[PDB]
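The structure appears below as structure tokens.
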Amino acid sequence: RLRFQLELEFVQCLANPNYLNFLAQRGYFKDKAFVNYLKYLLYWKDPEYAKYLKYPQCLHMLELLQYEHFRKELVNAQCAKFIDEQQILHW
Amino acid sequence: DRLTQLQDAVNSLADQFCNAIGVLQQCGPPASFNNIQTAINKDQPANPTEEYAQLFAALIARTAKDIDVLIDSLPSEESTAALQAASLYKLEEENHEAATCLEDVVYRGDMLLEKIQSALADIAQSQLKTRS
Amino acid sequence: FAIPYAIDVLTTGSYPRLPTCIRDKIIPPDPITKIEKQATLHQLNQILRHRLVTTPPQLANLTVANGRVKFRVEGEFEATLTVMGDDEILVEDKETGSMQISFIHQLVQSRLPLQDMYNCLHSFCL
Amino acid sequence: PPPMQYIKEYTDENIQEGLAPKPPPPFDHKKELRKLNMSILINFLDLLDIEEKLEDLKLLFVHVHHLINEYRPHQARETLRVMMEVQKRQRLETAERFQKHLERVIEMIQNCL
Amino acid sequence: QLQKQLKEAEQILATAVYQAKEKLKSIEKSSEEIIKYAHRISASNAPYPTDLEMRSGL
């Protein structure tokens, strides 16, 4: 039950590019379990689980980082800042 | 549609509220009851104080008309979604009927894509006999 | 209301991201398919016939090969004068027996009017 | 901020053997508005005559937000009646455009042009 | 002219509308459920700088 509460928070955290950028630097994405942890997080895009999500950027970044190409360009700080500015400008 | 601008107008008047208290406080008509102009105090004639105050009062009327007219211009005066759902289901069914016609229209063009193309193939055979 | 986002969870998507059309393409590349390549080849080849119908005695004979038109003119230097054009704007691939051929290959593209290359190519071989 | 500690539950090895179980899930407005805005203005006329009042502006204006957002969905719900009716228009437009050509083609079929 | 109007005829029709069918219709049906779903996380829009994380990561 507790890990599910954390999972809901992690998805909310997964909406912040800086958080993932920090994760990329530490190499958490090298683990295949993480990629497998991500596909498990796909369940939060459904209406029932997303009712407790208040913010939409989590859904994309989940989908965006499914591509192995994105993970390799998130290590560089430039792409992290480009995406971060994109969200701010969009709002 | 229209209620979106109502909130903007409501917030616009909220911003104007703090502006009213920011003008009629340090300013004011220089009354002669205590000849304040003689000494340390500052000066602000009644001409700008009256105009600014009058404009602030006018803005209240402008938003009041916008407030009343917009609330009266809200379509579908209801407090229950069941009536909307039944009506929202009616033309969704009609959209399904329109989709049924779309299937025919898609087929009719495909039929016309072959009805006309058949002659193109038929005449092409005619163009292949004399030259052969 | 955040209505589009409520729709997004139903479709397991997101609205805010589709409006920006530059970032979405920066990250991922696009793959191709062999069957799609043939289908694109055939539909394109239909346009090739339409353009060539409007348009060279020897060139009258042509072969539309896999992914390319083909014209052949007999020549010398251990190779025939052969050109394969695919798109008027055509894109030409020429097969011969090497640097001089590349120079000739460059010239044909520069000229790329159909009769002119037919004559220029003929003149050089002569 | 460590990412997460449960690496042994959703690891690829388990997913190859089988994905782990999914987590369990965790009218009247106008009448109100037509009288409060007037009352809100009374406080402005009362605050001058008389601190509390400046704190009382929001205290009395708070009634607006507890009621405007009740009918605000209906504006969206009424807006729902406006695009889903256009869905027919989207398909009808294709039918209407083809209808002009269905008769033209038939006229083309019967005529030389 | 016959060949000119056949290519036009094909382009006029919206082909493979089955994708739009299963997508639009699924959104519609229920229209009474989406409204209720959006009435409870409203004002969902304003960054989340680690203030909500620390309450959870702890």
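Chains as they are written, first to last, in the entry's author numbering: chain o, 15 to 105; chain n, 3 to 134; chain l, 152 to 206, 209 to 240, 251 to 260, 268 to 282, 288 to 301; chain i, 12 to 37, 72 to 95, 106 to 168; chain h, 109 to 137, 144 to 160, 176 to 187.
Beta carbons: idealized from backbone N, C-alpha and C, even for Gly.
If we ignore side chains and look at the alpha-carbon of each, how far apart do residue i and residue j end up?
i	j	result
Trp58 of chain o	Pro50 of chain n	60 Å
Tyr166 of chain l	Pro155 of chain l	6 Å
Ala29 of chain o	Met75 of chain o	7 Å
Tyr91 of chain n	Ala84 of chain n	10 Å
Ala38 of chain o	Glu28 of chain i	28 Å
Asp240 of chain l	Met138 of chain i	43 Å
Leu122 of chain n	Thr162 of chain l	44 Å
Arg221 of chain l	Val254 of chain l	9 Å
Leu72 of chain n	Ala94 of chain o	44 Å
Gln100 of chain o	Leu73 of chain o	16 Å
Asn32 of chain o	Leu109 of chain i	41 Å
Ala117 of chain h	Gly111 of chain n	6 Å
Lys133 of chain h	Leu67 of chain o	25 Å
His156 of chain i	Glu21 of chain o	56 Å
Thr65 of chain n	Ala11 of chain n	7 Å
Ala213 of chain l	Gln165 of chain i	38 Å
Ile135 of chain h	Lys129 of chain h	10 Å
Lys86 of chain o	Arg17 of chain o	28 Å
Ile177 of chain l	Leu52 of chain o	22 Å
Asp181 of chain l	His193 of chain l	21 Å
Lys19 of chain i	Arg15 of chain o	16 Å
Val107 of chain n	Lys112 of chain h	20 Å
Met83 of chain i	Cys27 of chain o	45 Å
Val89 of chain o	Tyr42 of chain o	11 Å
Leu203 of chain l	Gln127 of chain n	21 Å
In the DSSP assignment, find the alpha helix (DSSP H) that holds residue i and state where it starts and stops.
i	result
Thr123 of chain h	Premise fails: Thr123 of chain h is in no alpha helix (DSSP H) and is neither H nor E.
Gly111 of chain n	83 to 129
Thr51 of chain n	48 to 74
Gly186 of chain h	180 to 186
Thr205 of chain l	185 to 205
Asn124 of chain i	107 to 165
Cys295 of chain l	289 to 300
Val12 of chain n	5 to 23
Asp159 of chain l	154 to 162
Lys59 of chain o	Premise fails: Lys59 of chain o is in no alpha helix (DSSP H) and is neither H nor E.
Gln279 of chain l	269 to 281
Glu77 of chain i	73 to 94
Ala38 of chain o	31 to 40
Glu80 of chain n	Counting along the chain, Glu80 of chain n falls outside any alpha helix (DSSP H), and DSSP gives it neither H nor E.
Closest by CA to residue i, which one among the options?
i	options	result
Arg4 of chain n	n:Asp74, n:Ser81, n:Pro31	n:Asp74
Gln28 of chain n	n:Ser14, n:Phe35, n:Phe19, n:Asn43	n:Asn43
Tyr126 of chain h	n:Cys20, n:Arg110, n:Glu105, n:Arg133	n:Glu105
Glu258 of chain l	l:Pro170, l:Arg225, l:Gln211, l:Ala153	l:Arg225
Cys103 of chain n	i:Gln165, i:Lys143, i:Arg159, i:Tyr21	i:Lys143
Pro70 of chain o	h:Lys112, h:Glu182, h:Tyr177	h:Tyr177
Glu82 of chain o	o:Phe48, o:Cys27, o:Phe18	o:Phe48
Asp68 of chain n	n:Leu15, n:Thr82, n:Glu96	n:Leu15
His275 of chain l	l:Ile252, l:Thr235, l:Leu301, l:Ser298	l:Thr235
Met237 of chain l	l:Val217, l:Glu229, l:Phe273	l:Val217
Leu26 of chain n	i:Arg132, i:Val160, i:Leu93	i:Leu93
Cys20 of chain n	n:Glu96, n:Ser134, n:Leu130, n:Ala55	n:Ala55
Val141 of chain i	n:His98, n:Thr82, n:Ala88	n:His98
Give me the Cβ distance between residue i and residue j, rounded to the nearest whole Å; I'm assuming they're in contact under 8 Å.
i	j	result
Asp23 of chain i	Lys44 of chain o	Contact doesn't hold; Cβ gap of about 13 Å is too wide.
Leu135 of chain i	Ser145 of chain h	6 Å
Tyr21 of chain i	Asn50 of chain o	6 Å
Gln18 of chain n	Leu61 of chain n	5 Å
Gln119 of chain n	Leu121 of chain h	That belief does not hold up - the Cβ atoms of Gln119 of chain n and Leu121 of chain h are roughly 15 Å apart, past 8 Å.
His129 of chain i	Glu80 of chain n	7 Å
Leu55 of chain o	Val25 of chain o	6 Å
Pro12 of chain i	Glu62 of chain o	Incorrect: roughly 28 Å between the Cβ atoms, too far for contact.
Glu227 of chain l	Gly260 of chain l	14 Å between Cβ atoms; not a contact.
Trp105 of chain o	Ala157 of chain h	About 14 Å separates the two Cβ atoms, so there is no contact after all.
From which residue to which residue does the beta strand (DSSP E) around residue i run?
i	result
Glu255 of chain l	254 to 258
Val89 of chain o	No beta strand (DSSP E) contains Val89 of chain o, which DSSP labels as neither H nor E.
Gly238 of chain l	234 to 239
residue 208 of chain l	Within chain l, the sequence of modelled residues goes 206 then 209, so residue 208 of chain l has no position in this structure.
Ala218 of chain l	216 to 218
Quick one: what's got a C-beta closer than 7 Å to residue i's C-beta in the same chain, skipping five residues either side?
i	result
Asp159 of chain l	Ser165, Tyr166
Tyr126 of chain i	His74
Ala64 of chain o	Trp58
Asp45 of chain n	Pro32, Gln39
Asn88 of chain i	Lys108, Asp111, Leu112, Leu115
Excluding five sequence neighbours on each side, which residues of the same chain lie with their C-beta closer than 6 Å to the C-beta of residue i?
i	result
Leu81 of chain i	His118
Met292 of chain l	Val278, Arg281
Compute every distance between the C-beta of residue i and the non-hydrogen atoms of the ligand GDP, then say whether any falls below 7 Å.
i	result
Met292 of chain l	As for the ligand GDP, it is missing from this structure, which has no ligand bound.
Identify, in the order they occur along the chain, each residue of the same chain with its Cβ nearer than 8 Å to the Cβ of residue i, setting aside the five sequence neighbours on each side.
i	result
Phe84 of chain o	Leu78
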